[PDB]
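**Student:** pasting an experimental structure with its sequence.
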Amino acid sequence: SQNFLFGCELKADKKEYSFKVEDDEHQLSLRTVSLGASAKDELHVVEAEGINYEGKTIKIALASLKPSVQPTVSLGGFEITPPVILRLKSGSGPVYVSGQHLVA
Amino acid sequence: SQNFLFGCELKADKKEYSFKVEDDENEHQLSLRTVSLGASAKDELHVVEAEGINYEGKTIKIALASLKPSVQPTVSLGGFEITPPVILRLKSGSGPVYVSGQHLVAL
Amino acid sequence: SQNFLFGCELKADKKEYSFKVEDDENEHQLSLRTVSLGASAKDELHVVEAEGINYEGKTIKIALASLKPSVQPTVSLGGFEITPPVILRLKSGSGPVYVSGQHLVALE
Amino acid sequence: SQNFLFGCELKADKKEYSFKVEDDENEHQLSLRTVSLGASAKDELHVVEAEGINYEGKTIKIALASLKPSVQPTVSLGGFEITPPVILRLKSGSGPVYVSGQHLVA
Amino acid sequence: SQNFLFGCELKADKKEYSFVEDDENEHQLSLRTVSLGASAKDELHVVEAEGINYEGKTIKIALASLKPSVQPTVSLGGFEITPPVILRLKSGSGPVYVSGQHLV
């Protein structure tokens, strides 16, 4: 309903970003995943970790990106319910993630 | 309507994922968000298909994406919604290929 | 609404796919999601178009996507909603070219 | 709500497409889905622009897409909704360039 | 609601575009594409957006990385942002264009 900016940066020496919220309805809406200019020229895979419909945590790949092929990927508003961790699975980074934090 | 994370991995010795739901209180849809190749995938075509019914009850196979590490390692589908049951199948390539989405649940 | 899979394959020997549904009291809609190149597509530009009626009632042709195996083998359309009748046509390129999406049927 | 096909072709000899509607009862919206290069387009950057009024009433030009046949021959907009009137224009490149979407009438 | 065109141009010169109106109405920018103009140099450009998170802290988020020879346009799919927001060309020459909707 209300909407605010969200972002994070993943790199080899900080690979994880933990999205959680203190109880007060929230979604994280992912929009883009992009590589910074100094990312190495190799495939970077970013993954999300969160609850499936049977209440178990799963790890899913969100994007695979390479500077010389495909530096940005737009997700078009992929909504996830917190808690979620974003994780860098390969490549040096930096990788950036943008989106919205939604609050209803 | 509620929303839960969905993913599966397809590869050489595991080419299919069967998305099925039991009858519970709810209407279910699988919303596909991305298809992505993993970093160990061979530099060749990968084709990912969906298998489910058309509007006349016939089972059809439809091509979701053609991907290749050096050209286009990821495609974002934008929320391709599919009523269960559906099989997602690595029709061609070694993989690994990851498919991510949401499992949407509504009364 | 009900939601079903839609696909077609457009090729040299079958350039057109005609999307038409039997008379019924339901409203029908195609939501195009992807277009993609088959394995055996020549490395060249392939263009898929749609042919159907515009607001004025006139039959028009519109270019949906241009793809090439070594540049961009898949194009997501993100839910390009079209009201049947429509013909999808390989306008150039050898193919094969696949088109995927959803076929939506709502109640009256 | 009614949904019709929309498209236009922009090229060296026809650089502009002017979209306008006259309707005192129903609202119209042009929902742009893709921009794509034709098969004979020169392998160079192509820019496609729209021209239309902003919130303050000033007519403005915005860039919709930059495409190039050997790099990114199609750009998907996702349903970029525009209130008529609007001009679509090929700012630079040979073309031909195609714009496709939906004409929606409520 | 009402729906108007929006756009701006970002360049090494004027790196910034600034998007409240004092108004009785709610305003949203929906960002559609980010694209590199004809004379932009063949290098990595990064566009960022600056605005509050849901805690009202000012944050900066990477919207897109683009390069003429690899991905000259990124489509964001309607990334709705509530004003004030600054859009800025964190790196590269430009010109970089942003296009979208101003909804009221």
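**Tutor:** Now that the structure is in, tell me what you want to look at. Numbers count the residues shown, from 1 in each chain, chains lettered A, B, ... in the order given.
**Student:** hey, let's count contacts and neighbours off CA atoms from now on
**Tutor:** OK.
**Student:** what about the strands in chain A?
**Tutor:** Counting by DSSP state E, one finds strands in chain A at the ranges A:2-10, A:16-19, A:26-35, A:44-51, A:57-65, A:72-80, A:84-90, A:95-103.
**Student:** turn these into TSV, columns for mean neighbour count and distance to residue C:58.
**Tutor:** Shown next, in TSV, are the strands of chain A (neighbours: other CA atoms under 10 Å in any protein chain shown; distance: least, CA to CA, whole Å):
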stretch	mean neighbour count	distance to residue C:58
strand A:2-10	21	41
strand A:16-19	16	51
strand A:26-35	25	37
strand A:44-51	22	47
strand A:57-65	24	42
strand A:72-80	25	33
strand A:84-90	21	49
strand A:95-103	23	41
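**Student:** so which of those gets nearest chain D?
**Tutor:** Closest of the strands of chain A to chain D is strand A:72-80, at 8.4 Å (criterion: CA to the nearest CA).
**Student:** contact partners for the closest residue to chain C within chain A?
**Tutor:** Nearest to chain C, among the residues of chain A, is residue A:76, at 8.8 Å (CA to the nearest CA). Contacts here follow CA atoms under 8 Å, 6 or more residues apart in numbering or on different chains; on that basis residue A:76 touches A:30-32, B:76, B:78, E:76-79.
**Student:** and residue A:11, how many neighbours does it have?
**Tutor:** Under the neighbour criterion other CA atoms under 10 Å in any protein chain shown, residue A:11 is assigned a count of 18.
**Student:** surely it touches residue A:93?
**Tutor:** Yes. Contact criterion CA atoms under 8 Å: residue A:11 and residue A:93 qualify, at 4.6 Å.
**Student:** distance of residue A:11 from chain D?
**Tutor:** Distance, residue A:11 to chain D, by CA to the nearest CA, to the nearest Å: 28 Å.
**Student:** what bridges to that residue?
**Tutor:** According to DSSP bridges, the residues that bridge with residue A:11 are residue A:14.
**Student:** tell me the contacts of it?
**Tutor:** A:88, A:92-95 are the contacts of residue A:11 under CA under 8 Å, 6+ apart.
**Student:** overlap between those and the residues near chain C?
**Tutor:** When those are filtered against chain C using CA under 8 Å from any CA of the partner chain, no residues are retained.
**Student:** tabulate these (a markdown table), appending distance to chain E.
**Tutor:** Below are the contacts of residue A:11 laid out as a markdown table (distance: CA to the nearest CA, whole Å):
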| residue | distance to chain E |
| --- | --- |
| A:88 | 16 |
| A:92 | 16 |
| A:93 | 13 |
| A:94 | 11 |
| A:95 | 9 |
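**Student:** which one among those gets closest to chain B?
**Tutor:** residue A:88 (12.1 Å).
**Student:** dump the residue contacts of that closest one.
**Tutor:** For residue A:88, the contacting residues are A:10-12, A:15-16, A:44-47, A:95, taking CA under 8 Å, 6+ apart as the criterion.
**Student:** name whatever forms a beta bridge with it.
**Tutor:** Going by DSSP bridges, residue A:88 forms beta bridges with residue A:46.
**Student:** then the one 10 residues further on?
**Tutor:** In this structure, residue A:98 has beta-bridge partners residue A:7, residue A:32, where bridges are defined by DSSP bridges.
**Student:** my guess is it contacts residue A:6, does it?
**Tutor:** Yes. Residue A:98 is within contact range of residue A:6, at 5.8 Å (criterion: CA under 8 Å).
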